[PDB]
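FYI, it's all coordinate maths here, none of it is from the lab. Here the Cβ is made from the backbone with ideal geometry for all residues, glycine too, and neighbour counts use every protein chain on show.
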Amino acid sequence: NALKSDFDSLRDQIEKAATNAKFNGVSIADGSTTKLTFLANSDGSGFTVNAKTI
Amino acid sequence: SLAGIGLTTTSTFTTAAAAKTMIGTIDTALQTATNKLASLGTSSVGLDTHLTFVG
């Protein structure tokens, strides 16, 4: 039972540490979005980076 | 004026894709305005040359 309770606390810590992974209100690792594109040149062509849910 | 460079008094973007189209719109606007200024400068040089010949 003690091992089970510690396992539950550790998975809750995983979920909350993944919840806190935002940079200035935008996150790539918490599943909030499919992908974030970033500027690559002056014409607006992107630099896509797929989101990786954690 | 903005009507003469392909823009509008209320032109704006409300989303990232609207801004992505706005980039090319501003590109074409700056290109045509710069071409117009170059033509005006050529006309000014022509007026100066005619001034010298008239004198």
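Observations, loosely collected:
- Reachable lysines from A:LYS22, criterion Cα separation under 17 angstrom, eight or more residues apart if same chain: A:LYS35, A:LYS52
- Evaluated over chain A, the Cα radius of gyration and Dmax, each in Å: 16.8, 60
- Test item: B:13-21 mean partner chain Cβ contacts at 10 Å: 1
- Relative packing of A:2-9, A:34-41, which averages over residues the other C-beta atoms within 10 Å, highest first: A:34-41, A:2-9
- Computed log₁₀ I(q)/I(0) - Debye formula, equal Cα scatterers, no solvent, chain B, q 0.21, 0.27 Å⁻¹: -0.79, -1.01
- Euclidean distance of C-alpha centroids, segment A:39-54 and segment B:41-55, integer Å: 52
- MRE, 222 nm, helices only [DSSP H, n ≥ 4, -39500 (n - 2.57), over chain A, to nearest 500]: -11500 deg cm²/dmol
- Short-range pairs are left out: with C-alpha atoms under 8 Å and at least six residues apart, the relative contact order of segment A:7-54 is 31 percent.
- Distance-filtered residues of segment A:14-54 - backbone nitrogen under 19 Å, label point 7 angstrom along B:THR21 Cα→Cβ: A:43-46
- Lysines whose Cα lies under 20 Å from that of A:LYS4, excluding same-chain neighbours fewer than 8 positions away: A:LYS16
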